[PDB]
Amino acid sequence: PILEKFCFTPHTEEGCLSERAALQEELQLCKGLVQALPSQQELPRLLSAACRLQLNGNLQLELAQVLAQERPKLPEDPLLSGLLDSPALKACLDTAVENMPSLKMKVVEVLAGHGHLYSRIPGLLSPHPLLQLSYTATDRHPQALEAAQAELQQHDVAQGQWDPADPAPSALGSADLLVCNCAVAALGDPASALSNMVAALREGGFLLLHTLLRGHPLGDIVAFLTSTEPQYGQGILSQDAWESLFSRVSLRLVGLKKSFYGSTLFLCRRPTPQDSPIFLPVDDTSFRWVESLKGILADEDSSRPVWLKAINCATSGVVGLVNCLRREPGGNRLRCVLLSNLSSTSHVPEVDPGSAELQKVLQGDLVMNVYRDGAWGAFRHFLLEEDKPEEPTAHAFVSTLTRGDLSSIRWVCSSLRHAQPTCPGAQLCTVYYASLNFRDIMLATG
């Protein structure tokens, strides 16, 4: 079975990867070499080599090229792939999958050669049972990505030739989701690249962009390097600079996941033709609202969206309602809004049409719009840690978690935690030495 957990996931988050210890040590090391102008990780090795050849007046060329760095091991770096390893990537992909009119998804990657997202993305979408996916990986030059062709073949991915600088080929055409991974891959021009991408992007589609933000420690550290390749320098821009860039291409920001050190994951959507929305209270206890909703949905000729908003109680199951309806005919028009604060202290924002918050969410246009403790987000599914929980217990017995495999012998909590000492026939006894007989071996071996 596939095991998962159903949790609230705020749209905009900061300091995502604080918990990890390895990343913090990597950051401390990296800043150390930078200071005054040491690990198995690549980027620290690159910085050490850069500082090694000269303590001052380092050549851009020599640091640009060096043994053990010519490979695309930078994406293999923990820091550069950190947020991609987090649940942030799965959250963004789930948001992209949910907000699709149809059950099929056409996702095209730009500069797949260095981004390497092609390996990670298709696996993350295996849990979705009914989804059908069509991935294509594109690069500026065919000889790039000439390797790992077995890796592409084992999955269902398609090569590509689009150079983000120029307009996308009609073969790609309109696609639901575009993934770039600009962190390691270089974009020739921010404005032009984004313009071409949004052009290729269908209406109501998503543009998932992973980038390193200038104005942050790691951002400046990388900015010093890669001075030989001007393009990659253009791939580094300020957060406010990105915010300005998105507006220029009339692309609305829908999501943002920001790491403690600077790695970010922008999610922006291609605005759909504006249309008058319908608002139907779905809070009545008598369930009389069904008749009205059954009506509004009835007029299939119309194309206006429908917004089911419940604000009276935090126990409305409107999310499941919209999930089941979107599979029914006419359900594409449905979009939900739920205000479910788990703390009485937290205030309830006003969702009246006049209020700003409703305008902002309407601009978002996401199907699921849940508000909990002052943060707009949606429930998401996440695979749970494979490891079995352990607790400090004074009672435990040796058990074979897999019949016939002595490697599975482990200590498990016991029923003796609950016992009564009064009974003379009980005589609970502590154990200091226990013997193994032939029968125990026969049992364990199977």
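Structure shown above.
Residues numbered from 1 in each chain as written, not as in the entry; some residues may be left out. Part of a larger assembly, values for the part shown. Heavy atoms only, no water.

With respect to helix α12 (residues 239–248)
Considered for burial, the residues of α12 that qualify are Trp-242, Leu-245 and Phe-246. For α12, the angular spread of buried residues about the axis comes to 100°, placing them on one side. When the buried face of α12 is taken as reference, the exposed residues oriented beyond 90 degrees from it are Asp-240 and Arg-248. Packing partners of the buried residues in α12 comprise α9 (190–200), β7 (201–214), β8 (237–238) and β10 (263–269). Looking one or two residues past α12, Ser-250 carries a phi angle of roughly 55°, positive in sign. (Buried < 20%, exposed > 50% of the residue type's maximum accessible area, 1.4 Å probe, protein only. Helix = DSSP H or I, 4+ residues; strand = E, 2+ residues; numbered from the N terminus. Arc of directions from axis to C-beta. Contact = heavy atoms within 4.5 Å.)

Some points on the pairing of strand β15 (residues 376–383)
A regular strand places its side chains so that they alternate between the two faces of the sheet. Where strand β1 (residues 4–10) meets β15, seven bridges bridge the pair, whose relative direction is antiparallel. For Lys-5, the partnering residue across the bridge sits in β15 and is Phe-382. In the sheet, strand β14 (residues 370–371) pairs with β15 via two bridges, with the strands oriented antiparallel. In the strand pairing of β15, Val-370 is matched with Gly-377. If you look at the hairpin formed by β14 and β15, you'll find four residues sitting between the two strands, and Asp-373 has a positive phi there, around 55°. (Pairing = 2+ DSSP bridges.)

Notes on empty space enclosed by the protein
Its volume calculated, the largest cavity comes out at about 110 Å³. Contributing to the lining of the largest cavity are 14 residues, with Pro-10, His-11, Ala-91, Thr-95 and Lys-257 lying nearest its centre. At the level of secondary structure, the elements contributing two or more residues to the lining of the largest cavity comprise β1, α5 (87–98), β9 (252–258) and β15. Counting residues per element, the lining of the largest cavity draws most heavily on β9, which supplies four residues. For the lining of the largest cavity, a count of residues per class yields eight nonpolar, four polar and two charged. (1 Å grid on protein atoms, 1.4 Å probe; cavity = no way out; pocket = protein on both sides within 12 Å on 5 of 7 lines; lining within 4 Å. Points joined across faces, edges and corners; volume = space filled by probe spheres on them. Nonpolar A, V, L, I, M, F, W, Y, C, P; charged D, E, K, R; others polar.)

A word on the layout of surface pockets
Its boundaries defined by the atoms lining it, the largest pocket holds a volume of some 1100 Å³. Taken together, 44 residues line the largest pocket, and the ones lying closest to its centre are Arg-71, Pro-72, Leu-74, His-114 and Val-184. Going through the elements one at a time, α2 (42–53), α3 (60–64), α4 (82–85), α6 (112–115) and α7 (117–124) are the ones with two or more residues in the lining of the largest pocket.

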